[PDB]
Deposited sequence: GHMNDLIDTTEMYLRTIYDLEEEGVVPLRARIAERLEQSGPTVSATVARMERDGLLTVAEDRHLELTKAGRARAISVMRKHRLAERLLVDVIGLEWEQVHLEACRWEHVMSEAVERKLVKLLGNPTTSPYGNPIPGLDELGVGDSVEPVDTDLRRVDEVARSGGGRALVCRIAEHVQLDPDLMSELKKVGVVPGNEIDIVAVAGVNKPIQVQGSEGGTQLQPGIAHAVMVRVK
């Protein structure tokens, strides 16, 4: 269950923008595991309500209102994640799924109280920046042009790099997130990315406590700063 269909469509489009993926309805269908017809009908309903527009090349464009609402949901999501990790102490691999429900029920009133409690946090526990803090009534924005995707680093000849962001896409698989934590592919840990040739090949990575394989779509969603 999505709890709120509209908010999840908005946040999924936001996720795709952060992963540098073209936000198509095909992407929402696979991500939220819904049929093509369902997604088109729901997007048409959101278009009617003025939260997005379907371009000629068919990529989904958030309106002013759509982006505002998407940011609001993502802000609630990553504040929830912060609360769940830092205060409540919920296990690292279970936090996202919990936060993915909580994002739909949290008031701005609570958000403002969480900002104070958590000491004005700027990133989620997975290194993703918290947007729309201006709208709450709360900093210098990190230059994140230096960040490169693990897949692109691997195809460019690999090397050593610091793990900075694990995108929402990766967080959806708890079993994988447990594997990443064990071997030590977590924010603020150094990893060695093995060189591969040709797109859509599984990337080998070596953490502090062993190594593992990432799928092309997973490696694309993990961002690092190469040493």
Query raised in the report: Which runs of the deposited chain sequence never show up in the coordinates?
Result: 1-4, 143-144
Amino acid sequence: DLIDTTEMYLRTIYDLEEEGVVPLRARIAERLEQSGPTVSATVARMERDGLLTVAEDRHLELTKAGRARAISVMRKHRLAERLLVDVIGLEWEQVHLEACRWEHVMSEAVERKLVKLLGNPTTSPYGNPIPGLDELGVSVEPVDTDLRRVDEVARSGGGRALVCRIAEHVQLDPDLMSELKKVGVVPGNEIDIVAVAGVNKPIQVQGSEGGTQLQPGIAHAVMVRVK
From here on, numbers count along this sequence of modelled residues.
Requested in this report: Take the C-alpha B-factors listed in the entry for 60-68 and for 26-34, compute each mean, and give the stretch with the larger one.
Outcome: 60-68
Query raised in the report: Looking at the deposited entry, does 178-186 or 165-173 carry the larger mean Cα B-factor?
Result: 178-186
Query raised in the report: Which has the highest CA B-factor per the PDB entry: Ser107, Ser156, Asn128, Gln94?
Result: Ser156
Report summary line: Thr123: CA temperature factor from the record, placed by chain third, in the lowest
Query raised in the report: C-alpha B factor of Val199, ranked within the chain: lowest, middle or highest third?
Result: highest
Query - Third assignment of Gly132 from its chain's C-alpha B-factors - result: middle
Query raised in the report: By the record's CA B-factor, is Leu79 among the lowest, middle or highest third of residues in the chain?
Result: lowest
Requested in this report: Determine, from the deposited record, the chain-internal third of the Cα B-factor for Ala44: lowest, middle or highest.
Outcome: middle
